[PDB]
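S.K.:
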Amino acid sequence: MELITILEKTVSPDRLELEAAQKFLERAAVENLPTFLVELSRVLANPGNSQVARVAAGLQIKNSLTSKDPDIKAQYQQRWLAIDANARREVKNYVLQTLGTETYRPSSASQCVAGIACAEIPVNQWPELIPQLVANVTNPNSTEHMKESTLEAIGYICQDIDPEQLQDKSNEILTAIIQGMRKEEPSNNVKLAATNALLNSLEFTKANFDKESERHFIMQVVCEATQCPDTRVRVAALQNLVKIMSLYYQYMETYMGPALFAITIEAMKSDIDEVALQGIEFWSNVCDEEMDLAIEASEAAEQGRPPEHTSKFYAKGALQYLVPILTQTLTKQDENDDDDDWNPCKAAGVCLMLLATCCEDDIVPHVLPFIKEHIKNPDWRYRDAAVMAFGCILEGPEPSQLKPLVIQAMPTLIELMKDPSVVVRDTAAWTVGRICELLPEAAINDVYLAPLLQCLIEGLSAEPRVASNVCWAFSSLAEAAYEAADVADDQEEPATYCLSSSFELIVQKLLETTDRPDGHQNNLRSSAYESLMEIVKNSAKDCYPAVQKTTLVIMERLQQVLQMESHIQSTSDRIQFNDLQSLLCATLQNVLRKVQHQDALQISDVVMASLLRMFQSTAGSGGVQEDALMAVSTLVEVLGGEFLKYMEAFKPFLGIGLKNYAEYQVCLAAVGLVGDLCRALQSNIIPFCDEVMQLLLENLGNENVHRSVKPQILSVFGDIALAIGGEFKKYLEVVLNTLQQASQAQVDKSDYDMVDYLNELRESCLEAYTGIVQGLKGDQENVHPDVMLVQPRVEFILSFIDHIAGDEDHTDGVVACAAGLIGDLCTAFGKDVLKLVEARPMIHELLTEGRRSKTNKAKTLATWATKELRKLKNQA
Amino acid sequence: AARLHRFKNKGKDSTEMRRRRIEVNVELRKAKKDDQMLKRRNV
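Note that the protein sequences, when read in sequence, are chains A and B.
Position 415 (the first sequence) corresponds to 415 in UniProt numbering; numbering is contiguous.
Add 10 to the 1-based position in the second sequence for UniProt numbering, that's all there is to it.
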């Protein structure tokens, strides 16, 4: 009974013994785990056996402990540790000796080293791994298979396991990598492994790159690696080069850049796609970073402080060479090009956008001549490049200089929409949409508006490749037209705008193009539905009958979607059905906000009935359940107090959503809806307040929920107190104690993400206190006899806000909320709080800083705080 | 890849557009609370 015989069944088409033996060896893997591991290692370590059998055994060893899922990987690691130490030594020596001996290029033994070491290194086991691997690489008598196997395992180590445990060992492994990178190595396969290993190990060697002699040697080997006869080493070396640009930019000044500048330009000019891709990516990453540092430089300059780190303007200096190449490589597309495919032409087009943003004015002189010459050239490749280059230049430069160019080139744009080539039509639709978003002045004018709409509506019936793209142009045009009209009559809605003449026509076209049988391609249906939403949202007064007609159609489609729920036969059908439902609810939300109160009443019954049916039929993902939540929320906001008729039916579903520890986003939506519910149905939530209070407290009791849920729980507590009024005394002490416990929380200052979470938690705590005090303040001018209930806790209130004022990490929101509190207790109690703020006079910095902030919220609230404070400063 | 979502509005899709809608609703609700508290502040 030899394991090789059953191992051949894995590669054979017959699989009856495949799963049978696999399950038997898995039962061994839980009971006779050292036995199964030892016998498998023996087979792997026997060169006499067929090498395919050894590969199959190595696959079994790897799959016995590896796992893509981090949780499954963690428990598998614990399973590996749950074995006799001597038993694991029986196979550790086998693995470390089997590698390299096999005459295979995949070298399956390298996988086995990766899995075992990724678990033993954290527990400081197998201390001879690193010295052994280094010795194997550095031994001058090692064979090609020896070195190829070892470097493969090293790269597998760096990629798989976390970087924390290898920080102290980085200097040792680095000397091994660069030893296999020098040109003196005869084979190229070993060099390929060396480049790949360094790619996944660049993060460990932060200290090594700090060293000067190490850095100079490090870039020397990679620079000489790019100029290699083989292409695989060439491309792999380039990915290493772009990574160093993205992280260690500061050290590139010292002759580092003048060396890369020659290699990268040649790499882009190469006809081979892969090397061209890396050359483009390198010159895009430098621009991407250059934008971020430019923001930091301006922020420091406006703050009066010298910048933390500066740039040398590499992109600006070298733009005159990138632009001619980038324009040229655009003329390399093919008519049979996949939409979802990364190509040098697409990368070049994207890269041009960041070029414009980095240098606003210096780009146009180097690109304007190109688009002018090839705008009517008979070959459609060059016509496509010229129009595509036009769209990129829109973002960067100041629009004032662009106005003469765009208005002059408008007549040539419209005729391009009727070009016999679909590719040029697609780019024409994209660039006219961009010209509307960025330069609406040239798009909204009497001469060119009417022809623009004629071509735009004509394009809605074209092929989906361009039909989807032109649809997004309509949404941009509607927003520009809506903003163009400025009624300025305090109504806040213009009576008439430029799109009023043909509003009903374009709405009709958008309705029918949605129902196209081929809307799946290029997300045509998804695009078409959204432009309908933006059209309705951006409608004028005259279009009121039109938006009424659309509401009837949308409601009709909702009832139809109910029937499609009953019959379903495939997972892809489920995805399409769920996406359609989400879009339909999204459109219904927009039309409800626009429609008048009277029409909202008659259709409310059907809207609620359909919405609750979606929630009840929770046969799909959480998207359908979540979408119905805020759809009801916007209905409640527009309905007002009339929603009380639906409380008895909405109550069971509200509790179900509130009591759901899974799908934290869905629970988040329900929490937000409660705040709206108490605001609109004020002073009437009393019969339903006790249940939602208990349900909320239960969710706050446990800990395994998402952290983002917690702050909103505190915010709704304050809003409920404001809504109900003086009836909160039943739960007043419970919420106060819970708020007090949550307020006194401290997290490490180094983690910015924790800092933001704690700051948002502080904002919710402060806002809850304002609602608590306002709940007992009362509408009457005098304080209510319930305001002394919170009197004992005022000292803790002022101590808390003093703690907030002490931290420099205060954002622009906490200061406004704290200032609102100070005024509130000032007007709630009066004389007593004067001594309390006297004992803590440092609060005055918050009062003064509340006006220096640019946010109007802090300025107004702090102005109120200082006004009422001065009344008690000199009252006698 | 990691850059295809920038070329010619290809990034715009169901998941991305839902995110923009959610932030719109949150901003509208937050703004509505602000003036309602402002008028009750009696200032």
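Ideal Cβ positions, reconstructed from N, Cα and C, are used throughout, including at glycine.
If I measure Cβ to Cβ from A:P464 and keep anything under 7 Å in the same chain, skipping five residues before and after, which residues do I get?
M.R.: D518, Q521, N522 and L524
S.K.: Excluding the 5 residues flanking A:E224 on each side, which residues of the same chain have their C-beta closer than 7 Å to its C-beta?
M.R.: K183
S.K.: Tell me which same chain residues have a C-beta within less than 7 Å of the C-beta of A:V221, skipping the five on either side of it?
M.R.: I178, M181 and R182
S.K.: Since A:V95 contacts A:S50 with CB under 8 Å, what's their CB separation in whole angstroms?
M.R.: Not quite, the Cβ-Cβ distance comes to about 19 Å (not below 8 Å), so this is no contact.
S.K.: Using DSSP with H/G/I as helix, E/B as strand and the rest coil, what is A:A462?
M.R.: coil
S.K.: Is the beta carbon of A:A276 less than 9 Å from the beta carbon of A:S270?
M.R.: yes
S.K.: Considering only C-alpha positions, which residue in the set A:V423, A:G396 and A:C359 is nearest to A:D379?
M.R.: A:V423
S.K.: Distance check for A:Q581 and A:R574, CA to CA, integer angstroms please.
M.R.: The alpha-carbon atoms of A:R574 and A:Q581 are separated by roughly 11 Å.
S.K.: Between which two residues does the alpha helix (DSSP H) containing A:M533 stretch?
M.R.: It spans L524 to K537 - the alpha helix (DSSP H) in which A:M533 sits, taken as one unbroken run.
S.K.: Using a beta-carbon distance below 9 Å, is A:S683 in contact with chain B?
M.R.: no
S.K.: By the criterion of Cβ-Cβ separation under 7 Å, what are the contact partners of A:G349 in chain B?
M.R.: Correct list: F17.
S.K.: I'd like the span of the alpha helix (DSSP H) that includes A:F282, first residue to last.
M.R.: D273 to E302
S.K.: Give me the chain A residues within the contact set of B:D23, using Cβ-Cβ distance strictly less than 8 Å, ordered along the chain.
M.R.: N523 and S526
S.K.: Residues of the UniProt domain "Importin N-terminal" (21–101) of chain A with a CB closer than 8 Å to any CB of chain B: list them in chain order, please.
M.R.: none
S.K.: On a Cα-Cα basis, can you pick out the residue from A:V134, A:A236 and A:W342 that is closest to B:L14?
M.R.: A:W342
S.K.: Can you pull the chain A neighbours of B:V34, defined as C-beta to C-beta under 8 Å?
M.R.: Residues of chain A passing the Cβ test: none, with the nearest at roughly 10 Å.
S.K.: In angstroms with no decimal places, state the Cα-to-Cα distance between A:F390 and A:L584.
M.R.: 36 Å
S.K.: Tell me the rounded alpha-carbon separation between A:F370 and A:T327.
M.R.: 8 Å
S.K.: If A:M291 and A:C392 are in contact, beta carbons under 8 Å, what's the gap, nearest whole angstrom?
M.R.: Under the criterion of beta carbons closer than 8 Å, A:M291 and A:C392 do not qualify as touching, at roughly 15 Å.
S.K.: Between which two residues does the alpha helix (DSSP H) holding A:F36 run?
M.R.: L33 to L44
S.K.: Where does the unbroken alpha helix (DSSP H) through A:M1 begin, and where does it stop?
M.R.: Looking at the DSSP string, A:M1 is not in any alpha helix (DSSP H), and its letter there is neither H nor E.
S.K.: Rounded to a whole number of angstroms, what is the C-alpha to C-alpha distance between A:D419 and A:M268?
M.R.: Distance between the alpha carbons of A:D419 and A:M268: 31 Å.
S.K.: Relative to the C-alpha of residue 885 of chain A, which candidate in A:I363, A:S421, A:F800 and A:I61 has its C-alpha closest?
M.R.: The shown model of chain A, from 1 to 876, leaves out residue 885 of chain A, and the question about it has no answer.
S.K.: For A:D384 versus A:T412, is the C-beta spacing smaller than 9 Å?
M.R.: no
S.K.: What runs of the alpha helix (DSSP H), each 4 residues or longer, lie entirely inside the segment 395–456 of chain A?
M.R.: Here the runs fully enclosed are 399–416, 422–438 and 440–443.
S.K.: How about the segment 667–687 of chain A and the segment 722–740 of chain A: do they share at least three Cβ pairs that are nearer than 8 Å?
M.R.: They touch, by the three-pair rule.
S.K.: Rounding to the nearest angstrom, what Cα-Cα distance links A:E26 and A:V235 in this structure?
M.R.: 42 Å
S.K.: Please determine, among A:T738, A:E395, A:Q712 and A:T5, the residue with the shortest C-alpha to C-alpha distance to A:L18.
M.R.: Residue A:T5 is the option with its Cα nearest to A:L18.
S.K.: From what residue to what residue does the alpha helix (DSSP H) around A:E760 run?
M.R.: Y752 to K777
S.K.: Looking at chain B, is there any beta carbon in it that lies within less than 9 Å of the beta carbon of A:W380?
M.R.: No, no contact with chain B.
S.K.: Considering only residues of the same chain and omitting the five flanking positions on each side of A:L825, which have a CB-CB separation below 7 Å?
M.R.: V773, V794, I797 and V833
S.K.: Label A:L238 either buried or exposed according to how many other C-beta atoms from any shown protein chain fall within 10 Å of its C-beta, with 16 as the threshold for buried.
M.R.: buried
S.K.: May I ask which residues mark the beginning and end of the alpha helix (DSSP H) holding A:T587?
M.R.: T571 to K594
S.K.: What's the C-alpha gap between A:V233 and A:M388?
M.R.: Their Cα atoms are separated by approximately 34 Å.
S.K.: Grab me the residues of A:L438's own chain with a C-beta within less than 8 Å of its C-beta, minus the 5 sequence neighbours each way, in chain order.
M.R.: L394, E395 and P399
S.K.: Which of the three DSSP states is assigned to B:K43 in this structure?
M.R.: Note: B:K43 maps to helix in three-state DSSP.
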